[PDB]
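Cβ atoms come from the backbone with ideal geometry, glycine included; neighbour counts cover every protein chain shown. Every number in this text was worked out from the coordinates using simple rules, so none of it is lab data.
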Amino acid sequence: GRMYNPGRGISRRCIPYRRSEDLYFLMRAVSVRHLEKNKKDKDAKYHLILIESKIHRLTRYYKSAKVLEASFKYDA
Amino acid sequence: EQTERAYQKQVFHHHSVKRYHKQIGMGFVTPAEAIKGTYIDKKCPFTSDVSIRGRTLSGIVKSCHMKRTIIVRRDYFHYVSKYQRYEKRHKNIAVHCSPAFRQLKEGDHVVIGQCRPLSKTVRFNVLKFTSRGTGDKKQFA
Amino acid sequence: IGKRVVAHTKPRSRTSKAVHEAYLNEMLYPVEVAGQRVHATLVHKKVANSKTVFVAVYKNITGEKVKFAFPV
Amino acid sequence: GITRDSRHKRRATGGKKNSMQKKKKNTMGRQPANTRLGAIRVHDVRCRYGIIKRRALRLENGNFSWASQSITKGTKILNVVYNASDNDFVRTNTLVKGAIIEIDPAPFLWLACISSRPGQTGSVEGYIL
Amino acid sequence: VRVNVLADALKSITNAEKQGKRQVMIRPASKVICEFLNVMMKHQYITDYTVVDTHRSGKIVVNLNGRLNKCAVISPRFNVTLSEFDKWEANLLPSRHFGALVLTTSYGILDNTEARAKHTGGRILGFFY
Amino acid sequence: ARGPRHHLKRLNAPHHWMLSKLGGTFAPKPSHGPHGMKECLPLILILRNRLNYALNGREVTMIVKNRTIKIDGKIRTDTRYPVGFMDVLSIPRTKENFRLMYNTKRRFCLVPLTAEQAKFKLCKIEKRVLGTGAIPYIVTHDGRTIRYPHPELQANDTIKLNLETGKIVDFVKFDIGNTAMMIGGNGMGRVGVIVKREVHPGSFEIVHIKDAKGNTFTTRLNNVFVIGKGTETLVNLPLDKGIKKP
RNA sequence: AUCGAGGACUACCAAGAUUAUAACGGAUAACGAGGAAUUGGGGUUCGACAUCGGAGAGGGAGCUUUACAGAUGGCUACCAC
RNA sequence: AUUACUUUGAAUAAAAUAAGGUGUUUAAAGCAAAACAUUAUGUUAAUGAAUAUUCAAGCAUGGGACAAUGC
RNA sequence: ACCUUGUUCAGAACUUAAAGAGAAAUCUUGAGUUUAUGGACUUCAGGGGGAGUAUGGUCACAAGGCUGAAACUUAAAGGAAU
């Protein structure tokens, strides 16, 4: 199922039987952090933690894959 | 080379003064940096009077914060008879690292060999090293 | 057809799977392969794989006894 | 007596060691005999296995050797001018290995660094820089 | 997630045989699953099978003939020494004349009666009555 | 213990003496000398049990101190002299010349000899070193430091010694065409032919010894003891001829 | 200094060493092993005590003799008899 | 390229366990003795269990399926 | 678009079983695939009381929360169904 919610969506692209950035897009985290004015929004203050926990997993992987520089760290 | 109170000279010093470098035993090629190098070390396995006796091990270099001496972490598995399953373990060994390996850094696999007690804990000596990846902090010997 | 060597276990282009896949496609130009099925069966206390290149819409070069046919 | 066992030291982890047995003669130590500068005086210490160590208490002369001229000649030591370990050895003129001593080149007619163990062998022997 | 593809396939085959189905389908097909079936085919427990390639570790269709009772995987593949065989046979198999173990040894994926003949041990994969 | 020990408990004695577990509390400790503690049979055990001449230790001291035993050419008067390998033992009074060889049962055996063949005894070189003043010498398995030797007498050969003279008669090299007797562990007391010696730089040297009957068994280089050259034995092998029956 | 490696000790310099894979500390009616009792398999409990290794001689300490003792059916002092 | 896994060994105190032999009147036991030469003689240079092991490490070797570590 | 019908994907549910499981009630999008016992991982329980009590630690302004025994006592306490 999904990474965080209990949804189970199976929609997928279907490559035929014939052979003839995402981390950047996940920084969404900026857009919510909107939070400066809606201080009482306890929902977006939770969905931000979910987004930030995703970033700490893509960074944790792009460093092992030696893609990102070893000094990378996401912050405001 | 000579940055200390006493004169730093090799254990086997002679005129032609020469540079002295024996070779250790079972097929460990002496590094180039110890042939043309001008360093002085009385505990280097190549250019001194420290042999390499029976036990020989290997491990991952972890700490390179002490002078000419490093810490080698050996990871193995221990078997428990009752559960018929293994468990991870580790033992740190403090080993001497001669200046013959200038490019040695934390996280590189190293083959070490036994010698006579060189300190309170140091009993092994580095023989050869193979480098590995980087972790944002290149800590050399 | 091309001529590439197979190493002894060199890159993925020098593996048996890739060479046979390349030979199959290059020897079959321009007709297209669109299916492969292997029908294992016990014969004389032995297993006999019978690879079948299906949907065709070799033994000398590669060595695979492969039957070629058309979809039902 | 002074002891040389490791049972009185802390572990590699900093943990204290809990004793099990009393002191033993195998790890026996002995008092230093700082061989100062003065008249000849050595003492024969009966070490382990009966062997005898000459313990030089005070010395004046040593058989210095010259590497260049391949000559070794006895000489009277004058003054300890440098010690690589403890500067207080210079003040008391204590003779230990590696001490830089100046000597008179009266038989050299034909600066020094000691290269022997006066507290073990029983006499001073060195060479010329 | 799918930790063990072999476990999923064997449990799919056992369920089909209980219902009396004529053939079964296994979505992810590996070399180990293909080689596990040959041990069951050589004993005539299953008729045959057909590895259909789908460019994505294609499926398998397995023909069953009323003979298999239960084929089960064993969780982490225990290292089985040759002296530990009859201990494992006495547990996982109904009788000394009926069952069949499967071991992945250095000589391929053998059963117990031919790994014993080949004089080798190895990790245990599973079993089938 | 504060020093060297003197007693030997019965159960701590080497197994290959076959001492009854209810015989007594202690076992005769073999004094030092040519042969090690576990490589030797004390002279008391040779006469009390192997030959049954003396029933107890009262009658063993009445014999050895009576100048009635000649270990090698010399004569020994120590009740617990270490009698080890093929070093010959002779009793002039009874006119018999034994010899202590091994056998397949991991036991020292007393092979009878004739008078002529008792005048010599084979030794195995242990090491060769250069003395001070360039006086080379070799050390045998008996602890003997022989004087100025042959230049080719290397570390692991076998020499022939004479009791009366003390010279070196014949010497056998260490190669792949020689007969060897075993002094080791599992292969102890077995005769065979050296066929292969595989070398590991680290710890040990492993030698594959092929038996007469085609049986092949390996061992450590230490336990190898060359007994002849070209499938020939220089001494009379024991009753079982160094053969092992599976 | 030692029979001898060694922070074993001294002088100078550096800040290092261990830890969730349990460091550091606490409990033991804890001397360790060969082994013993009971067991379908897996195991649980025990081992001062035959034999091997360690430690001690009322409690510490300090020493003499000799090849080996920090000896105690040797000595000195203190504590307790 | 190493490790892990598995197979053979090397090496490995005894007592103890399982165990081979042996009529202590049998048995526990012990590693003694006797079929026998009707025995000094010979069997006899008599037996001594290969005694198997023994877990966790350590050494070497045959194999690379299942696993682990980076290039 | 709203309604009627066929396929398919995802969600909250429902009905039948002569089958599977279980002590039974009952469960079936599992509480099935389990003495024919091993898919991966985490937490929790060991007769009933004493008791979420005493003490130690920590959090809170407070009420209180979290971690959490022992002495002693007793042959039952309890679950589903007739």
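Can you give the convex hull volume per residue for the Cα atoms of chain F, as a whole number of Å³?
On the way: hull volume 42.3 nm³, N = 246.
Spread over its residues, the Cα hull of chain F gives 172 Å³ apiece.
Could you calculate the FRET efficiency of residue E:117 with residue A:28 from 1/(1 + (r/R0)^6), where r is the beta carbon distance between them and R0 is 56 Å, rounded to 0.05? Let's see the in-between values first.
Values: r = 62 Å, r/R0 = 1.11.
E between residue E:117 and residue A:28, to the nearest 0.05, is 0.35.
Whole-Å semi-axes of the stretch F:59-134's equivalent ellipsoid, largest first, each the root of 5 times a Cα gyration tensor eigenvalue? Walk me through the numbers on the way to the answer.
Working: eigenvalues 130, 62, 38 Å².
So the equivalent ellipsoid measures 25, 18, 14 Å along its semi-axes.
Straight-line reach from residue F:119: which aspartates and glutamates fall under 12 Å, measuring Cα to Cα and dropping same-chain residues less than 8 apart?
Straight-line reach from residue F:119, under 12 Å: F:72, F:87, F:164.
Non-local amide H neighbours of residue D:122 (under 5 Å, H modeled in plane, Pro and chain starts lacking H): which ones?
D:56
Using a Gaussian network model on chain F with a 10 Å cutoff between Cα atoms, which of F:233, F:25, F:140 fluctuates the most?
F:25
Please list the three semi-axes, largest first and in whole Å, of the ellipsoid equivalent to the stretch D:11-85, using sqrt of 5 times the eigenvalues of its alpha carbon gyration tensor.
Numbers: eigenvalues 287, 72, 38 Å².
Gyration-tensor ellipsoid for the stretch D:11-85: 38, 19, 14 Å.
Would you please state which residues of the stretch C:24-40 a label at residue C:67 would reach in this model, taking the label point 7 Å out along Cα→Cβ and a backbone N cut-off of under 15 Å?
C:36-40, by backbone N distance to the label point.
Counting only residues 5 or more places away or on other chains, whose amide H sits under 5 Å from the amide H of residue B:69 once H atoms are built in the peptide plane?
Under 5 Å from the amide H of residue B:69: B:97.
Under 19 Å between alpha carbons, and skipping anything fewer than 8 positions from residue F:38 in its own chain: which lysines qualify?
Candidates past the 8-residue exclusion: F:9, F:21, F:29, F:105, F:124.
Of the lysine pairs in chain E, how many meet both conditions: Cα atoms under 19 Å apart, and a spacing of 8 or more in sequence or different chains?
12
Given R₀ = 56 Å, what would the calculated FRET efficiency be for residue E:32 paired with residue B:90, taking r from the Cβ atoms and rounding to 0.05?
On the way: r = 32 Å, r/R0 = 0.57.
For residue E:32 and residue B:90, the calculated efficiency is 0.95.
If you find the alpha carbon centre of the stretch E:21-58 and of the stretch F:157-173, how far apart are they in angstrom?
The distance from the Cα centre of the stretch E:21-58 to that of the stretch F:157-173 comes to 75 Å.
Rounded to the nearest 5, what % of DSSP beta bridges with both residues in the protein assembly as shown are antiparallel?
95 percent
List the GluC sites (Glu not before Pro) in the stretch F:128-222 that DSSP assigns to loop (not H, G, I, E or B) and whose Cβ has at most 13 other Cβ atoms within 10 Å. Which are they?
Numbers: sites: F:152, F:164, F:198, F:205; in loops: F:152, F:164.
Those that pass, being in a loop and sparsely packed, are F:152, F:164.
Amide H to amide H under 5 Å from residue F:197: which residues, 5+ apart in sequence or cross-chain, H placed 1.01 Å off N in plane?
F:208
Modelling each spin label as a point 7 Å along the Cα-to-Cβ direction, I'd like the residue B:20/residue F:115 distance in nm, to one decimal.
Simple spin-label model gives 6.3 nm for this pair.
Compute the normalised compactness of the stretch F:171-226: alpha-carbon radius of gyration over 2.2 N^0.38 Å, N being the residue count. Let's see the in-between values first.
Numbers: Rg = 10.5 Å, N = 56, 2.2 N^0.38 = 10.2 Å.
Relative to the 2.2 N^0.38 Å estimate, the stretch F:171-226 comes out at 1.03.
Rounded if a/c is under 1.5, else prolate if a/b is larger than b/c, else oblate: which is the stretch B:45-141, with a ≥ b ≥ c the root eigenvalues of its Cα gyration tensor?
Working: a/c = 2.39, a/b = 1.37, b/c = 1.74.
It is oblate, given that a/c is not under 1.5 and a/b is not larger than b/c.
Cα to Cα, under 15 Å, and not fewer than 8 places away if on the same chain: which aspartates and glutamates meet these conditions relative to residue C:46?
E:35, E:48, E:111, E:114
Quick one: 3J(HN,Hα) in Hz for the stretch E:120-128, Karplus 6.51/-1.76/1.60 with θ = phi - 60°, rounded, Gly and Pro as x.
Karplus values, whole Hz, x for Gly and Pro: 8, x, x, 5, 8, 8, x, 7, 7.
Under unit Cβ charges (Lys, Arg +1; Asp, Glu -1), what dipole magnitude, rounded to 20 debye, does chain B have relative to its Cα centre?
Once rounded to the nearest 20, the dipole reads 380 debye.
Which of the listed residues, F:174, F:184, F:136, is farthest toward the dipole's positive end in the stretch F:127-197, when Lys, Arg count +1 and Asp, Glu count -1 at the beta-carbon?
F:184
Taking springs between alpha-carbon atoms closer than 10 angstrom, which of F:156, F:223, F:12 fluctuates most in the Gaussian network model of chain F?
F:12
Through the Karplus equation 6.51 cos²θ - 1.76 cosθ + 1.60, θ set to phi - 60°, convert the phi angles of the stretch F:78-84 into ³J(HN,Hα) values in whole Hz; use x for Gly and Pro.
Residue by residue, the stretch F:78-84 yields 10, 4, 10, 5, x, 9, x Hz.
To the nearest 0.05, what FRET efficiency results for residue C:48 and residue F:198 with a Förster distance of 51 Å applied to their C-beta separation? Before the final figure, lay out the partial values.
On the way: r = 44 Å, r/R0 = 0.85.
Result of the calculation: an efficiency of 0.70.
Let me make sure I get this right: for the stretch D:4-129, a, b and c are the square roots of the gyration tensor eigenvalues over alpha carbons, sorted descending. Under 1.5 in a/c it's rounded, otherwise prolate if a/b > b/c, else oblate. Which is it? List each step's numbers first, then the result.
On the way: a/c = 2.81, a/b = 2.08, b/c = 1.35.
Prolate, since a/c reaches 1.5 and a/b exceeds b/c.
Where the centroid of each part is defined by its Cα atoms, how far is the stretch F:1-69 from the stretch A:32-66 in Å?
Taking the Cα centre of the stretch A:32-66 as reference, the centre of the stretch F:1-69 is 85 Å away.
If we count every other residue with Cβ under 12 angstrom of residue B:91's Cβ, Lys/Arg +1 and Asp/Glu -1, where does the sum land? The partial results should precede the final answer.
Working: positive: B:62, B:73, B:74, B:88, B:89; negative: B:75.
The answer is +4.
Using a 7 Å offset from the Cα along the Cα-to-Cβ direction at both residue B:60 and residue C:32, what is the distance between the two label points in nm, to one decimal?
My value for the distance between the label points is 4.8 nm.
Rounded, prolate or oblate: pick one for the stretch F:101-246, where a ≥ b ≥ c are the square roots of the eigenvalues of its C-alpha gyration tensor, a/c under 1.5 means rounded, and failing that, prolate if a/b is larger than b/c, else oblate.
The shape class here is oblate.
Once you've got the GNM for chain F with C-alpha springs shorter than 10 Å, pick whichever of F:161, F:47, F:55 has the biggest mean-square fluctuation.
In the Gaussian network model the winner is F:55.
Would you give the gap between the C-alpha center of the stretch B:51-83 and the C-alpha center of the stretch B:1-29, rounded to a whole Å?
About 27 Å separates the Cα centre of the stretch B:51-83 from the one of the stretch B:1-29.
Evaluate the distance, in nm, between pseudo-label points positioned 7 Å from the Cα of residue E:23 and of residue F:217 along their respective Cα→Cβ axes.
Distance between label points: 6.1 nm.
Name the residue from F:122, C:9, D:8 whose Cα lies farthest towards the positive end of the charge dipole of the protein assembly as shown, charges +1 on Cβ of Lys and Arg and -1 on Cβ of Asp and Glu.
Farthest along the dipole direction, towards plus: D:8.
For the cross-link pairs A:66/B:42; B:120/D:24; F:74/F:173; A:63/B:62, which exceed 31 Å when the distance is taken from alpha carbon to alpha carbon?
A:66/B:42
In the stretch F:27-134, which GluC sites (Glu not before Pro) fall in coil by DSSP and have 11 or fewer other Cβ atoms within 10 Å?
Working: sites: F:39, F:59, F:96, F:116, F:126; in loops: F:39, F:116.
Those that pass, being in a loop and sparsely packed, are F:116.
Given the -39500 (n - 2.57) contribution per DSSP H run of 4+ residues, what per-residue ellipticity at 222 nm results for the protein assembly as shown, rounded to the nearest 500 deg cm²/dmol?
Values: 10 runs with 94 residues, N = 793.
So the calculated ellipticity at 222 nm is -3500 deg cm²/dmol.
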